[PDB]
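To start, the structure itself, in structure tokens.
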Amino acid sequence: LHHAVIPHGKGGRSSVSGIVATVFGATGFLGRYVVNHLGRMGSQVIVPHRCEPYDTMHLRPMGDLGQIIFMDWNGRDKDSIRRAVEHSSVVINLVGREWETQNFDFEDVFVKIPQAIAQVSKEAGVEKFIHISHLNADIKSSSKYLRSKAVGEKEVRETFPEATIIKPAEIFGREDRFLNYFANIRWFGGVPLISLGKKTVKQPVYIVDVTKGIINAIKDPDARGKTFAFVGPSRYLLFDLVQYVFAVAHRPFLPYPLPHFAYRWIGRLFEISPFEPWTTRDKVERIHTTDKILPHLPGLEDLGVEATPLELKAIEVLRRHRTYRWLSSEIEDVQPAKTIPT
Amino acid sequence: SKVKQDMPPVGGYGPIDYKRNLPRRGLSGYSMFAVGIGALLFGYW
Amino acid sequence: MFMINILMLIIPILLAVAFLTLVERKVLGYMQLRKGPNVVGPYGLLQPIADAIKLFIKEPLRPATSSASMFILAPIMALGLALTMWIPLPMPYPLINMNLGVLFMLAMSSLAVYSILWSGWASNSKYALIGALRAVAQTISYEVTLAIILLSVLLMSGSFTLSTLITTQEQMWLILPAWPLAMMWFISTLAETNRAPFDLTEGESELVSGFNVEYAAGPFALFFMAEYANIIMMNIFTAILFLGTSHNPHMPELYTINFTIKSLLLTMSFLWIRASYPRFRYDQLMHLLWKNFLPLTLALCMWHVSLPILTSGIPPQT
Amino acid sequence: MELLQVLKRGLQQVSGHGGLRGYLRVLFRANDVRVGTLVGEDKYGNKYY
Amino acid sequence: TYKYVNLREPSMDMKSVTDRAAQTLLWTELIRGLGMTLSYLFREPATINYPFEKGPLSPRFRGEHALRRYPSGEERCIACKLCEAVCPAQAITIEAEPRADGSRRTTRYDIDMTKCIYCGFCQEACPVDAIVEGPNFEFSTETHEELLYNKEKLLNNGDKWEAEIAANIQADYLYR
Amino acid sequence: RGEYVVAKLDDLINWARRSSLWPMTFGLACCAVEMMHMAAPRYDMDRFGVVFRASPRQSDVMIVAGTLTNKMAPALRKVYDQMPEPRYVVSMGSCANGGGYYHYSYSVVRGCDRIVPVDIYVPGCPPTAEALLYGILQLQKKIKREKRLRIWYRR
Ligand SMILES: NC(=O)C1=CN([C@@H]2O[C@H](COP(=O)(O)OP(=O)(O)OC[C@H]3O[C@@H](n4cnc5c(N)ncnc54)[C@H](OP(=O)(O)O)[C@@H]3O)[C@@H](O)[C@H]2O)C=CC1
Ligand code: SF4
Ligand code: SF4
Ligand code: SF4
């Protein structure tokens, strides 16, 4: 934090925030909001990308001249990771996938890449490390996604002890895979649900809430070495959450129960797609997994962020799924879902 | 030396046309209709 | 062997449409002191391939306000009917030899307007709607006149069979006895194909892109493909009507060569006319075909019903 | 007959470009098969006509 | 003096009326327009084969900036800041100090090529022909940062285009 | 190898896109006059396969030729968002690059890159019609280097 890393300005795009951040996986859902918030205050952002430069274009307006720097990196190349972090004061790890490719398994992107980044960051002298785990991560889950998340969350602690590990619940937003996933089930007629969605409880959180918590953790000096659980203000049943989704979108809602084994066989069929699968056996498990209640972990309120209710910010996500008949329906037209009081 | 400048030639420049010049063409109205009817009569026959 | 015959019809039509786009871009270029496509392939011979591939790997989007079923049906209807106008064409042997070929093409032409009306209405955009209602106005302008013009030419031929027009014009072209009808037929085909100076349903300078303003990618290509396949088809119809070619049963190839050239030159004239004239107003088009053509078309319909009778030259019924 | 002179000029372009390989190279590299007097060549191989 | 553009009366003699009737019915004046575009089809197009043929320019062309040197190799700029003061767009930023040998030289010479309006005032104001607009007009970039030139970029432009810049000045300095 | 075949398909689609660029008919200020001269006979952008189309939905390129004001900024992003992908933006002139002569104005957006992403910057006030045509040819070579399918294959 020498002379060039002293804050200046009034928090604008042409200010100097003093933050030099390397955001891995910045081309995805949770990464476009983090870069947007960092560049709003005038931060130096390094964005190592694996994909075509055409797919990084939406990130370019997010910063003043020279503030967003793009590098090409490989998850299995330890030298590329070092080039992208050796000048940074904070490293943010957002790498993840909801499916498995021929080249990267769940444990390749949740156990190995997170550990490789953490090790190189410590060897490079990086001061802050922010790792995004999952709320429902544990070694004894039915999902490799969550099983691998728990392992990765442990390797990071052993490599970067001062890391700040954040464990969000399912995140809903515009470019999400949670509310859009449920709405797009309408193509298949009915909405299958394991146990008819009556035995699953979900506590979704808003993307801006997660984005403001990560930014606060960077600036807050007491977030080092502390594990946070970013969850929403209300707990819903999966049946009520999905029913509310179809109510906002004004689409017919025709649920029907489906045995857990049957929903896996269907998921196996969809996994054959050589592109982004519509659904996988892992997503079915994740969707039908009760969100853990971790009272021992600090939450968003401990970083100064007020959790946004789903109702206030669900129409902005689901207005796209309505027909011309129901595009203009107002926010106050759909009664709120039923919550699970403590 | 002598002053050298971008100047017109000693005798000036040649004439430059600017007026509209749309030449008269074609046959007369009588001739065109005469040719038109003659084509029809041959076609009918 | 009939399925092969259909493929030997639709597939060449699409290739003809693809390279008519190149011909138009270069013909207009040279009439505008330019060159046109000469980089993508030698003399721009690969330009149609690039444009086709570009559009079909581009994102197609349905407007949020659109009626999805009508939005997708319309481009299908335009191309499907565009290819259907070709099956009764004698060149010199038709694919589907219809006894009422002339009437079949009229009905199909009228049905193909709804691909414009429904595309514009399904778009749910003001510019798409305005262009669609110009199609209603434009079809009200020529449809009545275009039918009587055909009727006057069939009173010298004998029937509605298109193959019979080859027999009618065996001694002489029909453009000599009916050049007044040929003039009003030619300008009526420009209106029917939505071509300049009657390109009002699209009207780039007035309506951005008209009825197909919301269409993009592949769906836009079908409207483009149908429009150009209609220019060639209508110019083939004009050649058969007024520039009939002599048919030798033992050398049918010689017919196609002469018949093909007459259609190209009539097709070039469409490109020639687009580069020479401004655009009508869609209310002036109606007055053109109702106050000038229609009075003369009715007079020439009376004349061509009386002329065979008063000269004992009524054509055979069969 | 200058109509024949047009064809000979078109054929001289084939011979003026060093054969058929050269004629096609310039056609597909520059979309232009004209032949002009050579003015010079720079150290990078660029030729000026 | 003036003249009427559309004050005319058509002759009403029968031959003239019939000539207009033929024009209305036979579309004579619409076929002249066809004849005019037909002639253009047979005229040689005016299209040059870019990038192999380039449109003509003149020595006064105002293109990409460059910082020049003397024949000795010494920089011509002596940090007078006249170009900075006259720049209409405030595209020039200069800082100077005594050099190790005592000379008056700039430690900063930045031109924001996205503020510049390529007007030529800076080269008109320079007393020692240090800053010039060269003949280069092909320097498009893929990023906004590549157009914020500093003294190192501008000196390289001078060392790059000197063979051409010095000749263009030679052909025009007697008009300045 | 399978990465060789995708590379050839990647070349094919890349060729189809840079050979059929259709700019949106979108001009703002003096820089649009030099955009017309590119379509004029001398340069004839149409011979490269570049054709203007008025509808944003039938366009592949947005050439921001002229000054961008705060009143016009919402409209520019709207017609950009409505272009189907893939879409490219070419910033023409100093006004659209960094505000140009009006950088310090209360009603001028300091660079169109604050509103939309930009692929090629053409400097000049105005750039010559031969400088814009150079910029479009640089865009084509930038599309030739895209390897979408060789990156999908390696996922
Ligand atoms: N429902 C949710 O969104 C939840 C998110 N999380 C976690 O937050 C992080 C981001 O989530 P989200 O944005 O929604 O998912 P996205 O798919 O939208 O983002 C994934 C990012 O990681 C990159 N990535 C994936 N695999 C690799 C790989 N082998 N090598 C390099 N980069 C790779 C991607 O690069 P590219 O796109 O260029 O291929 C992309 O930038 C993840 O760690 C996720 O587990 C945890 C709780 C809830
Ligand atoms: S050319 Fe004009 S605007 Fe550009 S740097 Fe020189 S004085 Fe400033
Ligand atoms: S006017 Fe010339 S000498 Fe003065 S500061 Fe500018 S470049 Fe240097
Ligand atoms: S950059 Fe120059 S030519 Fe372009 S709009 Fe601005 S002042 Fe006008």
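Numbers in chain E come straight from Swiss-Prot, and the residues shown are 37-212, in order.
How was it done? The header gives electron microscopy, 2.7 Å.
Even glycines carry a Cβ here, placed using N, Cα and C.
Marked as domain '4Fe-4S ferredoxin-type 1' by Swiss-Prot: E:104-133. Per Swiss-Prot, [4Fe-4S] cluster 1 binding site is recorded for E:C113, E:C116, E:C119, E:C162, and the stated evidence type is sequence analysis. Swiss-Prot lists E:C123, E:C152, E:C155, E:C158 with the feature [4Fe-4S] cluster 2 binding site, giving sequence analysis as the kind of evidence. The domain '4Fe-4S ferredoxin-type 2' feature in Swiss-Prot is assigned to E:143-172.
Less than 8 angstroms from the CB of E:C162 ([4Fe-4S] cluster 1 binding site) sit E:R112, E:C113, E:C116, E:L118, E:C119, E:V168, each of them six or more residues away in the same chain.
For the domain '4Fe-4S ferredoxin-type 1' (E:104-133), the residues of the chain that approach it from at least six positions outside its boundaries are 139-149, 151-153, 155, 157-168, 191, 194-195, 198, 201, judged by C-beta separation under 8 angstroms.
Taking E:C113, E:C116, E:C123, E:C162 as the candidate binding-site residues, the subset whose CB lies under 6 angstroms from any atom of ligand 2 consists of E:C123.
Proximity to chain F (CB-CB distance below 8 Å) holds for E:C152 among the binding-site residues E:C116, E:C123, E:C152. Sitting within 8 Å of the Cβ centre of E:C123, E:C152, E:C155, E:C158, and not among those site residues for [4Fe-4S] cluster 2, are the Cβ atoms of E:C119, E:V122, E:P124, E:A125, E:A127, E:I128, E:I147, E:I153, E:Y154, E:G156, E:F157. Remark: E:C158 ([4Fe-4S] cluster 2 binding site) has E:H101, E:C119, E:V122, E:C123, E:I128, E:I167, E:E169 as non-local neighbours, by Cβ distance under 8 Å and separation of at least 6 in sequence.
Classification of E:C119 ([4Fe-4S] cluster 1 binding site) by DSSP places it within a helix. Sequence-distant neighbours of E:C152 ([4Fe-4S] cluster 2 binding site) (same chain, 6+ apart, CB under 8 A from its CB) are E:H101, E:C123, E:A125, E:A127. Only E:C116, E:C119, E:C162, in sequence order, out of the binding-site residues E:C116, E:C119, E:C123, E:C162 have a CB under 6 Å from ligand 3. Sorting each residue of the domain '4Fe-4S ferredoxin-type 2' (E:143-172) by its DSSP state yields 5 helix, 9 strand, 16 coil. In sequence order, E:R98, E:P124 constitute the residues six or more apart from E:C155 ([4Fe-4S] cluster 2 binding site) in its chain with CB-CB distances below 8 Å. Every protein chain considered, the tally of other Cβ atoms within 10 Å of the Cβ of E:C116 ([4Fe-4S] cluster 1 binding site) stands at 17. E:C113 ([4Fe-4S] cluster 1 binding site) counts 25 other C-beta atoms within 10 Å of its own C-beta, drawing on all protein chains shown. Just so you know, of the binding-site residues E:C119, E:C123, the Cβ with the fewest other Cβ atoms around it within 10 Å is the one at E:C123.
Excluding E:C113, E:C116, E:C119, E:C162 themselves, the residues of that chain whose CB lies within 8 A of the CB mean position for the [4Fe-4S] cluster 1 site are, in sequence, E:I114, E:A115, E:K117, E:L118, E:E120, E:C158, E:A161, E:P163, E:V164, E:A166, E:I167.
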